[PDB]
Amino acid sequence: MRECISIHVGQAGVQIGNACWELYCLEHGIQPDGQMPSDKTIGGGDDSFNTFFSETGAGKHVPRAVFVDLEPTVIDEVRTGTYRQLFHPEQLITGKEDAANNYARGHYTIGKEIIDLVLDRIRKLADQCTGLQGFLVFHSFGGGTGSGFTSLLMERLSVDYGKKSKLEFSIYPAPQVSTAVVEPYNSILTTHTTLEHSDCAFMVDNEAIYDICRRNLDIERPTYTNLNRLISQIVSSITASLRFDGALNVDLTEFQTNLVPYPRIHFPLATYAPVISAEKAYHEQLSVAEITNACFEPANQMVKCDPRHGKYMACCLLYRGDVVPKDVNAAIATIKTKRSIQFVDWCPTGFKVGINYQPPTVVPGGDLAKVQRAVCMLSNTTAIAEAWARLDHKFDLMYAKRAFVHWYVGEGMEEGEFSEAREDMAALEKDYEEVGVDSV
Amino acid sequence: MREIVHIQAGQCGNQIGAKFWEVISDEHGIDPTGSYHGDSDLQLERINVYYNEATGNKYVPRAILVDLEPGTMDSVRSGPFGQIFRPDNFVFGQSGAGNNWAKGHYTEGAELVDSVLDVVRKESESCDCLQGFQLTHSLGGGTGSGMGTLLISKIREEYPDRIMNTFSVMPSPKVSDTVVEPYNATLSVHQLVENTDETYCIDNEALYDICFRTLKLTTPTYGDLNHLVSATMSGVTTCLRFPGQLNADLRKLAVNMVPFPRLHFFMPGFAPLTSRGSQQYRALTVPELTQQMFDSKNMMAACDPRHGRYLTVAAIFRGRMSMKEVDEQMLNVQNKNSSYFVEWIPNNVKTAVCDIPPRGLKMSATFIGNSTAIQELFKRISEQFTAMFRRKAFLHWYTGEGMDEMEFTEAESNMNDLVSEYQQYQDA
Amino acid sequence: XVXXX
Ligand SMILES: Nc1nc2c(ncn2[C@@H]2O[C@H](COP(=O)(O)OP(=O)(O)OP(=O)(O)O)[C@@H](O)[C@H]2O)c(=O)[nH]1
Ligand SMILES: Nc1nc2c(ncn2[C@@H]2O[C@H](COP(=O)(O)OP(=O)(O)O)[C@@H](O)[C@H]2O)c(=O)[nH]1
Ligand SMILES: [Mg+2]
Ligand SMILES: [Mg+2]
Ligand SMILES: [Mg+2]
Ligand SMILES: [Mg+2]
């Protein structure tokens, strides 16, 4: 019951998907061949981990997921990788020619050739669900597949599943590892198209993750494998409430209730702690009080925004590991005193807290220290609008000269679709401004 | 006027409902399997009020357990007295209500309400003479709040001449961080003003403050909060459960406590205040039970009774004590604090004395006051409500389920009227 | 505010 289907679109989506499902397996004691010695419910189960994993007669625990890409290289590595046995081949769907960092190709030219097959395979997973909760969609803003095809799929999913929840994990572009000059274009297009089809979207700013890897883990020049392993920990925190359950556990949908005041204001800011190396973590244990404080340090934010210059509309704390109510309550009391944290006048100021006693694990050969307790804060701040602004400015500079616009028109798009998408973004920035204003 | 049908809806409802049955079962000498093993025969005189009888003379609670998710009810069924309840009287869905009044009252709950009323009907036919119903639920969630009020409205349709009683847990930011609870509560109040005869306002703000300040619990748990509710529920229904003279049935209670149809929101108090860890070796004196039971610290509603006036009061004393001395101390409060009692309702304080004391205590006192100070509670919720509604915040959760802004405005409007009505008689 | 039977 309350199953959750993950959809990994494009390189970023897939590779992040690898990190996530590897980590999930380590958290639930699932071997790379799908076998799980803990589970005595053979062939079936009602357990908490069954929301992300189905079971077979063989005793094999299979991810409720789909990997889609318009080009086989990345998914091929999955097919031949350490966790090849974990999936069924029909779950790994590849094209031949990618979208060439072109939204139009991902949404139309190439995407249309594969959209039916994907939906057919998504449908086959939905039939395994006694009560599907919704979908999780991992994708990049900048890629042609990650942007174009994702929008197409999300639109199609709204039609085929009505209003079942659709959550995004969106990789926001960063220059340190950008692959295309037109990523601003693709970003604004996918954001506009998906906006009314997404219930809640967690933006991951690569520059932020790049920064954190460099600063807190002393990684000289972070790789995708570096960023993914950190990102996975954060995704794991957010989905922990769905995959585990205890008395102090608060379901993600409860957090979602607090975090979204209006359908369009559905972009929460994530801040995770502790991100610490094994060298620093040795002989130094971080308390509930300590990690909680880190959540309000912008250095630990997942998107590069400044909540100080913005106003808060919600604050959730997703604790995991060795955390007791007593310490949490005292910890927030401190921050209520030692910070100022302004809320908009129309929202209450309480912090919705959840706790999963299941501690954070770490992937072997990983960079992160294995800590006893960790926390992820989900906040709805007006500062997130800064992310739209930086991206909208990059967009504006190129569209002013219609730079690169011809690659899009050639595939079938119109200039109207551009200005339209950009106007929605202008409205969104305006919306994020409106909510911050005081009442009369 | 004999049998009462109990119902408990949602997480909060089933938790306090279960604890309530735990307590009175012990008081009436009924064990988890349902057999009787008690000394006094006072325990079995009015046992038929809350329990049915079966083969082997086993006693089955007249209780219906309702929820939109199986969580709490699976826990109750594996709870202490879990196997006592009629297995068929478990009526649960799977979708959940997501702390949404709309889901509970209009969509997810409407899909389940008919099945519940089938169990209500079956129990009501077993009755030789039905008084009415008592519901236990929170107003802050979705199931108990939304579906609960729906069941009331539907039950009133099949049993309009019966009495509708409720133990309604009012929300407080001191206990829950869910932002939409003020919406749920305001919507529910509107329903309760219209369709209940008696409502015990159990305020989580009070229960927390009591646990933290008086009982000195730095990290109060739901079990701590419920120990208070359980104690209150036992006391408030004592006059119903054992042989007595005053407020011996729900209608008589309503006639004594409710001077006006809408003003039926009672302020419960209790003494001595107790925690599951507290020792309570020293029984209190009758004067002590009295001074405390009227003390704001002991009120379960988090209202200052000195800010309003008592329209009516019911006081229940339990345990072996000087019934003589009870009258003197009761008459003492009235004559000492005569200003806080309305003059246009002579002798508005009535008292009963039951000999059997509550579990673990030798002397206990329970308070039921229809104070006009209860408005402070509704005023609190009203402010939390408007803070959000003026900006139409979080309404999409509700409009998505089919509701409209107008229905909020009307609920807000009606509860503002209630506050003013409580104020009209406070200056009389 | 964290508050379990
Ligand atoms: N964090 C993270 N970001 C990635 C990863 N792979 C690609 N990206 C980001 O994704 C953006 C490019 O989009 P991709 O996902 O690579 O492209 P795609 O989805 O395969 O679409 P096309 O190749 O154009 O058909 C760049 O800005 C990268 O920084 C990854 O493994 N981890
Ligand atoms: N006293 C008490 N209050 C509770 C309990 N459970 C939930 N609540 C309160 O009820 C509100 C949430 O409603 P809940 O019963 O959980 O939702 P429902 O299942 O849809 O009815 C919050 O304001 C909580 O403080 C409980 O066991 N005891
Ligand atoms: Mg690619
Ligand atoms: Mg199983
Ligand atoms: Mg709940
Ligand atoms: Mg349904």
Side-chain angles (χ1 to χ4, degrees), chain A residues 1-2 46 48 130-133 162-165 196 199 245 247-266 312-317 324-330 332-333 343-354 380 434-440, chain B residues 11 15 69-72 74-75 92-103 107-108 141-142 171-184 208 212 217-224 380-381 383-402:
Chain A
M1 211 63 58
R2 295 176 157 84
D46 54 316
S48 292
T130 67
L132 184 67
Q133 189 184 290
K163 278 196 175 303
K164 263 182 192 277
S165 77
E196 66 188 358
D199 304 88
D245 201 30
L248 301 169
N249 185 42
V250 174
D251 199 82
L252 183 65
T253 66
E254 288 198 51
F255 296 125
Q256 210 169 316
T257 301
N258 279 17
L259 281 168
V260 189
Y262 311 92
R264 284 165 63 85
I265 314 301
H266 64 253
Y312 278 85
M313 285 167 286
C315 264
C316 305
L317 297 171
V324 303
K326 167 174 67 67
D327 292 330
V328 178
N329 285 338
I332 304 177
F343 279 91
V344 292
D345 57 23
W346 48 273
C347 287
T349 67
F351 294 2
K352 191 139 178 77
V353 182
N380 181 29
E434 287 177 350
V435 294
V437 182
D438 296 324
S439 307
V440 293
Chain B
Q11 187 189 300
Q15 285 291 0
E69 59 189 0
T72 309
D74 289 342
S75 65
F92 60 89
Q94 293 282 332
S95 62
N99 298 322
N100 191 323
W101 192 89
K103 278 184 178 289
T107 67
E108 303 290 342
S172 172
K174 293 190 186 181
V175 174
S176 176
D177 295 282
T178 307
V179 300
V180 296
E181 298 206 353
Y183 282 161
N184 299 338
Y208 181 85
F212 183 73
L217 300 166
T218 41
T219 309
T221 75
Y222 281 130
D224 296 330
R380 190 182 79 210
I381 306 293
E383 265 150 59
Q384 298 179 359
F385 173 99
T386 298
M388 297 184 289
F389 189 70
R390 63 182 168 178
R391 299 292 287 270
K392 305 289 174 288
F394 301 99
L395 279 177
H396 76 93
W397 297 120
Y398 297 89
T399 61
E401 299 296 315

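Here is how names work: the chains are called A, B, and so on, in the same order as the sequence lines, proteins then strands, and each is numbered from 1. Hydrogens, waters and symmetry mates are skipped; everything else that's a heavy atom, side chains included, is used.
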Taking salt bridge (charged side-chain N to carboxylate O under 4.0 Å, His left out) as the definition, give me every residue that meets it alongside A:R2, ordered by chain and number, with sequence neighbours left out. B:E69

Any chance you could measure A:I332, atom CD1, to B:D177, atom CG, to the nearest 0.5 Å? 7.5 Å

Select one option (side chain, backbone, both, neither) describing which atoms of A:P261 are under 4.5 Å from chain B's heavy atoms. both

Applying a strict 4.5 Å limit to non-hydrogen atoms, the region of A:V260 in contact with chain B is both

Any side-chain to backbone donor/acceptor pair from A:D251 onto B:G98? Under 3.5 Å, distance only. no

With sequence neighbours left out, the residues meeting ring pair (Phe, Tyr, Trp, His ring centres under 6.0 Å) with B:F389 are B:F385, B:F408

A:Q133 portion near chain B, given a 4.5 angstrom heavy-atom threshold: neither

Exam field: side chain B:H396 to backbone A:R264, donor-acceptor pair closer than 3.5 Å: no

So which of A:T349, A:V437, A:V250, A:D245 has the largest heavy-atom pair count under 4.5 angstrom toward chain B? A:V437

Measure the OG1-NZ distance between B:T218 and A:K326 for me, rounded to the nearest 0.5 Å. 8.0 Å

Minimum heavy-atom distance B:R391-A:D345, with the two atoms named: NH1-OD1, 3.9 Å

Find out whether A:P348 and B:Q384 are in side-chain contact, i.e. whether some heavy atom of one side chain is under 4.5 Å from a heavy atom of the other. no

I need the minimum non-hydrogen distance between A:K352 and B:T178, along with the two atoms involved. NZ-OG1, 3.1 Å

With a 4.5 angstrom heavy-atom cut-off, is it the side chain or the backbone of B:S95 that approaches chain A, or both, or neither? backbone

Between A:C315, A:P263, A:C347, A:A314, which residue shows the highest count of heavy-atom pairs closer than 4.5 Å to chain B? A:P263

Given a strict heavy-atom distance threshold of 4.5 Å, which part of A:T253 is in contact with chain B: side chain, backbone, both, or neither? neither

B:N99 and A:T257, any side-chain heavy atoms less than 4.5 Å apart: no

For the pair A:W346 (side chain) and B:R390 (backbone), establish whether a donor and an acceptor sit closer than 3.5 Å, ignoring hydrogens and angles. no

